[PDB]
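Have a look at the structure below, then the notes.
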Ligand code: CLA
Ligand code: CLA
Ligand code: CLA
Ligand code: CLA
Ligand SMILES: CC1=C(/C=C/C(C)=C/C=C/C(C)=C/C=C/C=C(C)/C=C/C=C(C)/C=C/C2=C[C@H](C)[C@H](O)CC2(C)C)C(C)(C)C[C@@H](O)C1
Ligand SMILES: CC1=C(/C=C/C(C)=C/C=C/C(C)=C/C=C/C=C(C)/C=C/C=C(C)/C=C/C2=C(C)CCCC2(C)C)C(C)(C)CCC1
Ligand SMILES: CC1=C(C/C=C(\C)CCC[C@H](C)CCC[C@H](C)CCCC(C)C)C(=O)c2ccccc2C1=O
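Residue numbers (the authors' numbering), protein chains in the order written: chain 2, 19 to 193; chain F, 30 to 183; chain A, 8 to 748; chain 1, 5 to 173; chain J, 1 to 38; chain B, 367 to 440.
Right, here's the structure in full:
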């Protein structure tokens, strides 16, 4: 088939940035129109890369003035040390701006099919910010793959709690 | 006889009755209970509720009556929400009249009342604010009323 | 034969036709030149058998709409599990159920209505549940709030599968009619797959969740030392202590040594006197009996393998001589029209719901259900009213089949139209039975009314007066007393305590008492026989005279919702098959109003109430039925006046919302009457006399303001008569028994 | 201007204050010229209002107030002191002459190419040039930080000017 | 494109508007409860 | 308590008789050619304003008794 897999030759995709192939084993791109799922994939991969760099960069031990972390999960100490400061409310609220103001009509550009549904502009780079053919696709695959490994790797960075109850640096100090 | 309400005795008996009767529910919970905090805020909403009726006229029942003469000592009871209310439904009436005399001359007026032209609707929604001297200036123009519309036999 | 033939990518999923209201009907996409276009937009919104005659497109529309209904039901049940999770005192209720009144909904604190938050114990207030969800959850074995949050989450997930399901089955994979008229397979999968695997897998839940948990709660363990339901399946050693038959595994099952499963499964009946509900051993054994018996029942329909029946060769073989042709034709009747199937399924669904109501008062199946009487009351009452309305839908949709989808060619001399050949002899003997039962069911109340009013109480129909002891009900009730030793041989206790032995007291509250039926209960049963025969008179008159009456010999040409024919024949107002459904809804309100008034007053005099020491008895009304149900002054005084005292004195207290739903539901009731008595020939030029006052000020509405149509203008009178009249009894019942139970 | 192709609404690029920004397409259905005149008028009156929150220093306290740098119930202080109704009368006596049609969406007085009334310009060194383009920003920044003053009165509640040096919560 | 035309119909605008005025009254009766003056 | 209620129900019955025979007068007894633009023909001319304003005051009182009783009762 067109897939480097069992069999489904080009169900609806095939030109998307799968450099190793188009994966798609289950019937989502059968009926979901694929532009919605692409905007969801890219938005999840961006926010998951922010999540994993959040967990690691916080596990390098930095606070203005707060408690000892011992974790970056488990809501009261970390999360509701932050909420009771009256502090995460705005860091949610500005994203409540961002998605409704510049993500919702952006998603309307993901309605009509005139977007390439990532693309919030945003290349503040010289000598390497190619919007064209080569580096846009092979770097968009970089954002895509590092975002997917950010999704799963953030999955493990959450789920090392039961036999650990410690930091992931302390998980590296354990076997 | 309309006593001033801040010194009516049976009125203050209703104060003692609702504060204490509502406090009978407060005798179930501990000092940090959210229910108990809600009845703290509720007792606040009873003492404020009764101190903010200090200029009404609660008669022999201890219940705050009103006055609709426009005495100007009781204008805050009725005539000020009267003028306020007639402003609000003169707004609504003027918006509805202006919008209907828009869509009376469109392509498909039957479709215009199902599917509101939110362009022209929210044009008139806001534009009917100065309706006393817009109806007074359309009424002098011979445009507010009509003449020789439908009627039955005789 | 059997195969799956499904069109893919049928209807585009654009929002384009939302901008054309009334796109669906070619008789209605003209646009509103009148306001009657508005209301006909909604009454024709689900005439799926009246958009287009093509049964394929209709059948796609309905089968996709079902998933919308199940989407709303899963949103609703996920609402109940989340309101049980976040808002309820269920974890506190699980500690002591007989003390803490059940509540979920915690009213937002705005002006005054914070007084509706009833202090129901559990350290948290809110308006009290009478739906009895907590008794369903203790039977389910839900321990802490996490299973309620998770099951609400799965409720939303199944709601998403139903929205995406119906979207997927109208638009981008929608089946052919050959898929729909595969009815041997539809029964073959509902009798087995839906109901069979439902009851079997539910027996799996009850055995591996509810039996260990509601053994631990029957011992009285707080829900902290109880392990997870989960943690009973990882090892049998947590269940072999509770039931030692789990130690033997499934080996006594496959060796047919089913004596060994007497611990898990049994046939006891009665009620567990600790929890006041059924023994869940009996209930799990019960669902295994529905399991094997329905899974056997599924395999009687030949689909692909030439093994089983078809419906055709069954129905054609019942060619009895008094019908002549036999059932030749019904398989073509019931596989081409949907209103016929809706008549049957609504009739059996509603009557099943009444059966549900009776089997929930007299065999209370949930733990601590008969100890909080409002949940005991209203779960009787509510399944009566959907138990009622769904019957009238039968009388609607058996009428509609006779009007719309009837066809005399396929339906010639069979069992169906041979009724219509003597429908005068049907309706005439319903007419005689209605008058005979009306005299002998209500004239007894006027009789005892006068004899008590004339002083001659010896001439009444009391206990002491001319007795009318119901002989047959007392006799077969005595057979049910003599059940568990004689004929139900392997039983231990009776089928219920509404039949036999001494009552069940659970926390000084009477679970079930042996109901005595004497000489007043007789006459209320003849009320019920009467008002069931009147609705059967109107709803068989609405089906047999649905198509060609001898008054109007073309109703099939006029339609189903026509108002009338005219003033000719001396006036033929309210003559359609719809109009008999219009009357069957009022008589529904009558028949069920006196079913529940029979319930909620005989079971406040002969069952419910409290007990004191030395086994003493104390009902809520205190035995005040048989001396007082025989009249109507005793009825209206001792029930509708005396039981109002806890509804009417409810102001200032937490029941006061019912005191608002008592008055306003009177309002809506009387507000119905304006639509019933008047007619649109008044309102149309009353309205047009107001249209003069808009044309004078140029506020002429472009959509021309007609009055309501006749069938609408009476349909709204029914729909306020039932909301007002039903919500009066709703707030009267729940305001009555919460102040006691 | 706005990069993800969402920028051909009912608006026009040669309009003053333009930097290509209507994500929620308010230019549809809301009469872009009237939205422009509301932006200009909100910018100028918020501009003067934050100029009151700039010249809350000791200068020009002429005999009536005696309440320096309050910014909260100072509104209530002159509801109590009277003559705040009177400035609605005076502003009404302006807005008879300024707009002359004075109805919000019905009959907007579009005659002179620009949302600016009667040509209030006695100095008149610039005309309606691209100075318009640098008026609107000097209104827009005058809007937002104006809120930043009053919210500094809301939850900080300390002082308008005394956040800037080394004063942080 | 036509979704806003569905959001411009009579009941949808009537609920997005009566929901809004109902929100004006409910939010204006938490903030200022028991308002019998003025 | 019975004389008052007696004469009030008889009072309402006889008003409704006066208007019922009013309508019988306007159907089976009315001649608008002997009543050429008469006071009665004037009444039938502005009957639209009459019924619109009766419907107005009846609507106003029905939203301002029932409004105040449901207010006081809530
Ligand atoms: C377009 C708005 C509008 C306007 C200006 C009027 C104006 C009038 N109506 Mg009215 N009316 C309206 C809509 C309107 N109506 C609607 C929609 C209905 C159906 C419910 C009625 C039903 C009605 C009756 C039954 C009667 C009047 C009467 C009257 C007159 C007396 C004032 C009164 O009591 O109002 C009555 C007000 C109501 C019954 C309720 C208010 C109506 C709506 C809810 C408020 C307007 C909002 C409107 C929907 C906004 C649409 C435009 C917007 C979307 C842009 C007055 C000329 C009376 C009359 O003839 O007196 C001379 C009379 O008896 N009206
Ligand atoms: C054994 C398989 C099976 C099961 C479990 C069901 C179950 C159901 N059918 Mg159904 N059906 C089946 C086979 C089955 N059907 C077949 C073979 C046919 C063709 C002859 C039909 C034709 C049919 C029609 C025409 C209609 C139904 C309807 C219903 C629902 C009744 C409402 C109810 O009880 O709510 C209880 C609800 C539940 C218990 C939820 C169950 C949902 C889970 C996910 C099981 C569903 C299994 C599903 C078929 C898997 C799809 C396979 C696909 C992925 C390849 C119920 C969900 C009615 C309905 O409401 O439409 C939905 C309806 O109108 N069925
Ligand atoms: C309280 C009001 C009331 C009463 C008494 C009835 C009574 C009746 N309705 Mg009914 N009905 C009512 C309201 C009422 N309806 C309303 C509101 C609706 C609106 C939906 C309907 C709609 C309706 C339909 C659609 C039908 C009926 C029918 C019937 C009859 C059923 C047969 C029966 O009971 O005979 C027994 C009679 C009684 C119980 C009445 C009391 C008579 C007493 C017991 C004996 C006689 C008293 C006395 C001795 C008279 C002689 C003395 C006198 C001459 C001085 C019955 C006469 C059915 C019908 O016409 O044929 C069966 C029918 O099809 N009704
Ligand atoms: C409870 C019974 C009831 C009620 C309330 C009414 C009420 C009314 N009738 Mg009436 N009527 C009744 C029984 C009733 N009737 C009966 C039994 C008959 C004999 C058939 C008549 C015969 C009759 C005639 C012949 C006439 C009336 C008219 C009227 C209106 C008089 C004007 C007025 O007061 O408007 C005030 C409005 C009200 C009192 C309506 C109630 C307010 C509602 C409940 C609030 C709005 C809805 C609310 C928000 C709830 C929302 C519902 C939810 C689903 C969303 C009024 C609507 C006349 C008319 O049209 O006048 C203009 C007229 O000519 N009636
Ligand atoms: C790109 C964009 C910006 C940049 C925006 C950000 C800063 C770019 C950076 C993005 C980062 C965050 C990408 C993240 C990728 C995924 C991370 C690296 C996951 C790593 C996990 C790996 C290490 C596996 C980890 C196993 C996880 C497993 C659970 C066990 O525990 C063991 C263990 C730790 C080995 C600018 C501004 C800088 C430039 C602009 O032009 C555009
Ligand atoms: C206090 C007083 C007074 C006053 C009073 C008055 C005078 C009142 C008025 C009122 C009145 C006095 C009114 C009247 C009423 C009446 C009525 C009630 C009417 C109506 C009518 C009817 C009912 C009918 C109708 C009709 C018709 C419909 C048709 C034809 C015509 C007719 C008319 C017949 C006086 C001054 C004495 C003095 C002092 C004391
Ligand atoms: C009162 C009455 C009417 C009149 C009912 C009128 C026409 C309908 C009143 C309710 C409508 C829905 C009011 C219209 C209001 C619109 C919804 C817009 C208002 C703005 C908001 C509420 C959205 C009949 O048409 C009728 C017909 C046949 C027998 C009896 C009767 C009858 O008793």
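Backbone N, C-alpha and C define an ideal beta-carbon position, used for all residues, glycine too.
Query                                                                                                                                                                                     : Result
Quick one: list the residues of chain B neighbouring residue 667 (chain A), beta-carbon separation under 9 angstroms, in chain order.                                                     : 436, 439, 440
Any heavy atom of ligand 7 closer than 6 angstroms to the beta-carbon of residue 687 (chain A)?                                                                                           : yes
Is any heavy atom of ligand 6 found at a distance shorter than 6 angstroms from the C-beta of residue 391 (chain B)?                                                                      : yes
For a contact defined as C-beta to C-beta under 9 angstroms, what are the partners of residue 28 (chain 1) on chain 2?                                                                    : 118, 119, 122, 123
Kindly list, in the order they appear in chain A, the residues whose Cβ is closer than 8 angstroms to that of residue 49 (chain 2).                                                       : 175, 179, 180
When the cut-off is 7 angstroms and only beta carbons count, does residue 22 (chain J) lie next to chain F?                                                                               : no
Could you have a look at residue 626 (chain A) and say whether DSSP puts it in helix, strand or coil?                                                                                     : coil
Just to confirm, is the Cβ distance from residue 833 (chain A) to residue 546 (chain A) under 7 angstroms?                                                                                : This structure cannot settle anything about residue 833 (chain A), because the visible part of chain A is limited to 8 through 748.
Residues in the same chain with beta-carbon distance under 7 angstroms from residue 7 (chain A), minus the five sequence neighbours each way, listed in chain order, please.              : The question about residue 7 (chain A) has no answer here: the residues shown for chain A are numbered 8 through 748.
So the beta strand (DSSP E) residue 518 (chain A) belongs to, where does it begin and stop?                                                                                               : 517-519
Assuming residue 44 (chain 1) and residue 143 (chain 1) are in contact, meaning their beta carbons sit under 8 angstroms apart, how far apart are those beta carbons, in whole angstroms? : 7 angstroms
May I ask you to list the residues that DSSP assigns as paired with residue 308 (chain A)?                                                                                                : 316 (chain A)
Who are the Cβ neighbours of residue 164 (chain F) in its own chain at under 7 angstroms, not counting the five residues just before and after it?                                        : 123, 173
Assign residue 28 (chain J) to buried or exposed, taking buried as 16 or more other Cβ atoms, counted over all protein chains shown, within 10 Å of its Cβ.                               : exposed
Does the stretch 58-72 of chain A come close enough to the stretch 169-187 of chain A that 3 or more CB-CB pairs lie under 8 angstroms?                                                   : yes
May I ask you to list the residues that DSSP assigns as paired with residue 98 (chain A)?                                                                                                 : Answer is none; residue 98 (chain A) lacks a bridge partner.
Do the stretch 140-148 of chain A and the stretch 78-94 of chain A meet, that is, are 3 or more Cβ pairs less than 8 angstroms apart?                                                     : yes
Closer than 9 angstroms, Cβ to Cβ, to anything on chain F: give me those residues from the stretch 696-717 of chain A, in chain order.                                                    : 696, 698, 699, 701, 702, 703, 704, 705, 706, 707, 708, 709, 710, 711
Give the residues of chain 1 in contact with residue 152 (chain F), contact being defined as C-beta atoms less than 9 angstroms apart.                                                    : 33, 34, 35, 38, 108, 109, 110
By how many angstroms is the C-alpha of residue 307 (chain A) removed from the C-alpha of residue 207 (chain A)?                                                                          : 19 angstroms
Alpha carbon to alpha carbon, how far is residue 49 (chain A) from residue 78 (chain A)?                                                                                                  : 21 angstroms
At the 7 angstroms Cβ level, is residue 421 (chain B) part of the contact set with chain A, yes or no?                                                                                    : yes
What does residue 14 (chain A) pair with, by DSSP beta-bridge criteria?                                                                                                                   : 181 (chain A)
Can you look up residue 113 (chain F) in the DSSP assignment and give me helix, strand or coil?                                                                                           : helix
Would you say the beta carbon of residue 73 (chain A) is closer than 6 angstroms to some non-hydrogen atom of ligand 2?                                                                   : yes
By the three-class DSSP mapping on this structure, what secondary structure does residue 94 (chain F) have?                                                                               : strand
If contact means a Cβ-Cβ distance below 9 angstroms, which residues of the stretch 114-137 of chain F contact chain A?                                                                    : 122, 125, 126, 129, 130, 132, 133, 135, 137
For residue 144 (chain F), go through chain J and note every residue whose CB falls closer than 7 angstroms to its CB, in chain order.                                                    : 5, 8, 9
List in chain order: all unbroken alpha helix (DSSP H) runs of 4+ residues lying wholly within the stretch 653-683 of chain A.                                                            : none
Go ahead and pull the three-state DSSP assignment for residue 252 (chain A).                                                                                                              : helix
Select from 21 (chain 1), 36 (chain 1), 7 (chain 1) the residue whose C-alpha is nearest the C-alpha of residue 13 (chain 1).                                                             : 36 (chain 1)
Relative to ligand 6, is the shortest distance from any of its heavy atoms to the C-beta of residue 383 (chain B) smaller than 6 angstroms?                                               : no
Can you tell me the Cβ-Cβ gap for residue 137 (chain F) and residue 671 (chain A), rounded? I've got them flagged as a contact below 8 angstroms.                                         : About 40 angstroms; that fails the 8 angstroms criterion.
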